[PDB]
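Trainee: no sequence for this one, just the structure:
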């Protein structure tokens, strides 16, 4: 019988860990680059890299806030090199995707009301935001099995290089803020930390590492190809929107609250102030194409099949209630279907306030959705629209927000709508996999215990470090050495504005490399 | 010294995985049965079964919604067989209990506002719900240790059989919905997926598997017995309510919000509209036994020791405020204690709205609880009640909801009240365990890291796959081969309606089986 | 090739577990001590200790509630001994810190609205709280590796001793409650449970255990020293506030809601009733130093550079709106800076209610923070304050609350502000580590997956039970046998009241011990 | 086999010299009567 009530305690290698901190050299649209040099013959191994960033004080007038997870979204590229060349590198988006399921890292990276609330400044000497510091955990393959997986520095020099995104990407602002001055006087201040191990009489053996590789397809094309595939462990596919042909302005943004319900409530709250107006006589200051009608005594206004129920309490006797019946409208033919935001409301109740001269709304019933909240403003007024699209007031038009978040997926802010209806993967010339529904995404989320998975084919099911990984292997004789992907996009109604948002296909492939430790660190591609 | 900075990488067996999808055959109260046939000599092993289901479009008038986790609650039975007979089977409730701690699986199975909100239809051509698809992860013993635990198909035919519950169980509806037509036209559409492994020169060895077995006791009896117990790893006990002697109608249901506070708020909100009435003269349309009194100037109404504080703002000068002092009442003797829902309120404030002709309530102080929210409507008006129980208006009575959820535990919707005060377990003739408090439930939750544990005795503490499991073993000579359970139910007040809800005892025992792989797959009970 | 599709099932040692429960002996400011005796020659091992506590019924008048996690916060000290002396002991605070990341244990220990809401009693026979029971999971080193790590009772007697805190520490109450009677009649009722293992022909081997050791520094001194350090695995540092020179009264407490936003909202809600007053003529009943001014027609009141915007609807025609412009004020010089809570508000809106004769506030904009919510009341009126600090009404002063929570860290209730700006650790005479930012706290939280880490140096990275732990080792020849810590506290503004809160430094060191099993259990310090 | 456009119909019409072909997969290209026809053959072991 095997003893399950006692073990023989082994004596491990003698070692001692130490926390080490390093400052870097900054060089320069003058993109910023930081280089860190690690040189000590007693540092045998290292892992758990952490980058710190100091954000400065912001003063002035206007409305201003930071995007969520600013620390992660400010990183463009990370590279680790030695004298024999690059050992490992990754783009920022792949790091974000790999760390998306680590709530503690996300919270440390910068997620709070003080940072993400949309603050207001009244005078040129008002302080909008106080200074603070964020920390970005750079997860690497060397962390998966603590000491067993650490990187051994066989008496070589290691260089870490971090490239930063321009500061315009991480800021949410309105047109009143003095962005040119802010951008001229903003500077990045970084610092790198890691855990080192001092080892006595180490015995080194070769090991194995995986390197991700990204390919971006052409605009609106439904194909992409990865060449020189000799040993891959997985393949991932997703899409990105391209907003380069707009001015990047949006009607609303919820800030710290990030639920779907919060997005919808913020949008509806921004529209309600202009949708129902209490005025003495016909309201002035609107474009000529506005159709503002008076609410009857029974409270029901008909807008061609749609009925809106409006009841306001405490209305002064010298005033009346009016309804804006075409706040935003879009159509491609003069007598075809019309997308009209006014017809998405069914009941509106509230009470007028004499002290503040505005209406305080109570219960609202509506059918607004995330696509409506995600339509960009500039598409409402494009040349293909035969109507005047934006019938809002100037005060409302002055509150639009610039949003330049670089890691948006799908065609909406939450990646909720699935726009891929069929996927087909070919390895060489033969079909390797085809599916209609998102069963591969379901399987990815189940196996990785994540809420934000993507369509992924996984080929390796063996434990990571103690076994050689299982791969799909090339056959250059028959020509099986490339993976081509083809999708069919869903069909949308030609009268919905979201139909004209352009998109790009993204394919990610994980290649296998061999690590040898004679003459320092070097890698060789497995063939 | 043992090296903790390097390992020897072993070469694993050569294999290649593949995702496989299969369609099934449907046969037929004409209970639906699906059969799936797996036949390929190169599929050596499989695991991670996933079932997909397509839910259709629902049109018409009335109020309609789906129960939470509809995908799990639609499954009655799953069986896996070969030519030598059954290999593994389980009922739906045991699967649900085993998967209750997997948040990602639960969310995939169907949990969202679009599915679980109580929608309203106005015309016979209104679309209440759009079509969608859910996925049910069928967790099996073959998943616990990836490749090591997979099921080996030694050149045999494998059949999977799924039995479905009738559609009436998964729908929450009011009496206005045309359920007979919906039930006549509804059809199940299923599809099975799994991960297969193509292995080269496999070397097979025998292994071990555990099979659950459920016993259901007689109505209201506090005993149950499991026969033929020769090697069991655990024992579980819980209770179920039986609502078969009612019409299954309830006053309220919160829908997507599933907190205790949400249940209580929905119930209170449904009662408040009928509890306090603002009217010009005595309200009409109520049964003769109603006692509706006028609120005095100081705002305090006395109902025999209980005092209710009522203050309403903006009351028109031609109207008064009335209070319904016996909305729901129950008692067994003419002059004994009375359970009166009106006496559970202490303060009610709000403001009357002239535009909508209703009262908008603000702050409420009350002592309603989950048992009150869980009492079925038909028990308020049973024959043993000497009063007229339901003094609500017809409009309120028309809003009751049918609820037929099949996996309810305890006597309330959240299984919060503990109605078992003492438990005694006998193995053979001798007492094996006895307890007063729920220390076994505490231990179960601690050891399995679950929030919804049950009273469970665990006999196996060894690692699952690499060791033979530890069991309790029979001694047929002394006659130790059966487990009998006896409980004592808590004592409730004879004047509470919940006292008359019937219940059933459920016992679950996990038996051990041996798996051999010569002549395909076969099992033999360990004796 | 190694087989990854099959294993050889080993046969384990024959054993059988059993749940055992014991009652204890109580002895006696007459601090309570419980002793439990374990004596059975067939109990070979044990782990998973659980303590249960019965809380009694509380009746009377006033406001009363329990602190969160009362079960954990009621424990002062736990000790485990045999005939050879103490085997393991720990203070309550170290246990709480070790278990802080176990949500299920925390929830079982007593965390609910019924326990933690601030209830109100109206008559001397009112029932404020019903009786209930809590359970405290006493996590020990013997649990980390189930059967492998269990404690072997080599035919010796084991004694467990639990010391309890006085009941005044676990209760939150106002001055109206009859605490002297409650404290005279309260009694502790405990019971211990554990899992025992009956083993046949056990084969015992020696093992390894770690014992924590706490040192508390002197008041306001920034140094502390641990002597006799021969083999330590880690070192931790944090600070505690000392409230012994006050009366322990606070303005508000949120109860069950424990977010920062909840603290701030409760504080603001308590202040708003006294900050803005609607009255017929100048309000009476305030001290002579109050400066109450009338709000002009434009609604803007200036308080030296600060502007407050006040708009109240539905004000009766015989009444006016007044603003209290110096509710709480503190300063050290007659014409220097003043901390004035009235200047932290920028906009206040609401509606007066005629029925209840009070103002119902709607939207509030403010800059109150957690330090303001955490300032104790007695510091507002200290002798060093040259103004009259507390200008509230007597009714408001009668609602203050006593709070005596014993496990508060930092200087605020959430330990959010970091008051340590530099840390330096010396081992012997030489500097072992120094840092400016909290990178060690970041690393602690990352490595232990916790949200509430402390500044910790970790020296052991090897797996716990199967390897001998790595330690830092003394060199008595050079005199390296002591660890001295020195901090520099942050600098605060001399006109903020929080500057005068006293603090204490706490250092925790984990020493290594050897366990041998000949002649029962005994330990010997590794040298 | 999988296809998007009607290339199989084009091939059917080309090979049979017809104006009204359908989507057809042809497996036999040998002369009809003097040779045994070429077929696609089952593999009941793998279940094809």
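Mentor: That came through, no problem. Residues are numbered from 1 along each chain as shown, chains lettered A, B, ... in the order given.

Trainee: hmm, residue A:483 is touching residue A:509, no?
Mentor: Yes: taking contact to mean C-beta atoms under 8 Å, the distance of 6.9 Å between residue A:483 and residue A:509 places them in contact. (C-beta placed from N, C-alpha, C; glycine too.)

Trainee: identify the contacts common to those two.
Mentor: The overlap between the contact sets of residue A:483 and residue A:509 (C-beta atoms under 8 Å, 6 or more residues apart in numbering or on different chains) consists of A:226, A:229, A:232, A:235.

Trainee: more neighbours: which of residue A:483 and residue A:509?
Mentor: For the pair residue A:483 and residue A:509, the greater number of neighbours falls to residue A:483 (22 against 18), based on other C-beta atoms under 10 Å in any protein chain shown.

Trainee: residue numbers of the stretch 1-150 of chain A in contact with chain B?
Mentor: Where proximity means C-beta under 8 Å from any C-beta of the partner chain, the interface of the stretch 1-150 of chain A facing chain B comprises A:2, A:4, A:10-15, A:44-45, A:147-148, A:150.

Trainee: with secondary structure and distance to residue A:360 added, can I get these in CSV?
Mentor: Conversion of the residues of the stretch 1-150 of chain A next to chain B to CSV gives the following (DSSP: H, G, I helix; E, B strand; the rest coil; distance: C-beta to C-beta, whole Å):
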residue, secondary structure, distance to residue A:360
A:2, strand, 73
A:4, coil, 69
A:10, strand, 72
A:11, coil, 73
A:12, strand, 68
A:13, coil, 70
A:14, coil, 72
A:15, strand, 67
A:44, coil, 67
A:45, strand, 63
A:147, coil, 62
A:148, coil, 63
A:150, coil, 61
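
Trainee: what about chain C: which of those residues touch it?
Mentor: A:2, A:4, A:10-12, A:14-15, A:147.

Trainee: now those residues: which count as buried?
Mentor: Among those, those that count as buried by neighbour count (16 or more other C-beta atoms under 10 Å in any protein chain shown) are A:4, A:12, A:15, A:147.

Trainee: list the contacts for the first one?
Mentor: Residue A:4 sits next to B:462, B:467, C:12-13, C:147-148 when contact means C-beta under 8 Å, 6+ apart.

Trainee: ditto for the third one
Mentor: The neighbours of residue A:15, taking C-beta under 8 Å, 6+ apart as the test, are A:44, A:147, A:197-200, B:4, C:470.

Trainee: mind doing that once more with 6 Å?
Mentor: Residues touching residue A:15, when contacts are defined by C-beta atoms under 6 Å, 6 or more residues apart in numbering or on different chains, comprise A:197, A:199.

Trainee: same check, this time on the second one
Mentor: Contacts for residue A:12 (C-beta under 6 Å, 6+ apart) come out as B:4, C:462, C:467.

Trainee: what residues are bridge-paired with the last one?
Mentor: Spelled out, that is residue C:467. Using DSSP bridges, the beta-bridge partners of residue C:467 come out as residue A:10.

Trainee: that one touches residue A:8, doesn't it?
Mentor: No: under the contact definition of C-beta atoms under 6 Å, residue C:467 does not touch residue A:8, with a separation of 10.4 Å.

Trainee: neighbour count winner among those two?
Mentor: Residue environment comparison for residue C:467 versus residue A:8 gives the larger neighbour count to residue C:467, 18 against 8, counting by other C-beta under 10 Å.

Trainee: quick one: contacts of stretch A:87-103?
Mentor: Contact partners of stretch A:87-103, identified using C-beta under 6 Å, 6+ apart, comprise A:72, A:75-80, A:105, A:139, A:212, A:407, A:450, A:452, A:521.

Trainee: repeat that with 8 Å
Mentor: For stretch A:87-103, contacts defined as C-beta under 8 Å, 6+ apart pick out A:69, A:72-73, A:75-81, A:105-106, A:137-141, A:151, A:165, A:209, A:211-212, A:214, A:406-407, A:448-452, A:454, A:508, A:521, A:523.

Trainee: still on that earlier bit, in the buried ones among the ones next to chain C among the residues of the stretch 1-150 of chain A next to chain B, find the pair that's most separated.
Mentor: Based on C-beta to C-beta, the longest span within these runs between A:4 and A:15 and measures 30.0 Å.

Trainee: chain C contacts on the stretch 1-150 of chain A?
Mentor: Within the stretch 1-150 of chain A, the positions adjacent to chain C are A:1-12, A:14-19, A:21, A:48, A:50, A:52, A:104-105, A:107-108, A:113, A:133, A:135, A:137, A:146-147 by C-beta under 8 Å from any C-beta.

Trainee: do the same with the stretch 251-400 of chain A
Mentor: Near chain C, the residues belonging to the stretch 251-400 of chain A are A:353-356, A:360 when assessed by C-beta under 8 Å from any C-beta.

Trainee: out of those, which end up buried?
Mentor: Burial by neighbour count, 16+ other C-beta under 10 Å: within these this picks out A:353, A:360.

Trainee: SS state for the closest residue to residue A:361 other than its chain neighbours?
Mentor: Nearest residue to residue A:361 in three dimensions, chain neighbours excluded: residue A:350, at 3.9 Å (C-beta to C-beta, 6 or more residues apart in numbering or on different chains). In three-state terms, and counting by DSSP: H, G, I helix; E, B strand; the rest coil, residue A:350 is strand.

Trainee: just give me the neighbour total for residue A:350.
Mentor: Using other C-beta under 10 Å as the criterion, the residues surrounding residue A:350 number 21.

Trainee: nearest to residue A:476, of the residues of the stretch 1-150 of chain A next to chain B?
Mentor: When the residues of the stretch 1-150 of chain A next to chain B are compared for distance to residue A:476 (C-beta to C-beta), residue A:148 comes out closest, at 34.3 Å.

Trainee: ok, that closest one - contacts?
Mentor: Residue A:148 makes contact with A:465, B:4-5, B:7, according to C-beta under 8 Å, 6+ apart.

Trainee: most surrounded residue in those residues?
Mentor: Most surrounded of the contacts of residue A:148: other C-beta under 10 Å gives residue B:4, at 23 neighbours.

Trainee: is it true that residue A:418 touches residue A:438?
Mentor: Yes: using C-beta under 8 Å, residue A:418 is in contact with residue A:438, at 6.2 Å.

Trainee: did I read that right, residue A:106 in a helix?
Mentor: Yes: the assignment for residue A:106 by three-state DSSP puts it in a helix.

Trainee: please name the residues that touch it.
Mentor: Taking C-beta under 8 Å, 6+ apart as the definition of contact, the neighbours of residue A:106 are A:69, A:72, A:99-100.

Trainee: out of those residues, the closest to residue C:272 would be?
Mentor: Distance ranking of the contacts of residue A:106 against residue C:272, using C-beta to C-beta, places residue A:69 first at 35.0 Å.

Trainee: please name the nearest non-neighbouring residue to that closest one.
Mentor: Counting by C-beta to C-beta, 6+ apart, the residue nearest residue A:69 is residue A:109, at 5.1 Å.

Trainee: for the one you found, grab the count of nearby residues.
Mentor: In terms of burial, residue A:109 registers 22 neighbours under the definition other C-beta under 10 Å.

Trainee: next: residue A:145.
Mentor: Under the criterion other C-beta under 10 Å, the count of neighbours that residue A:145 has is 15.
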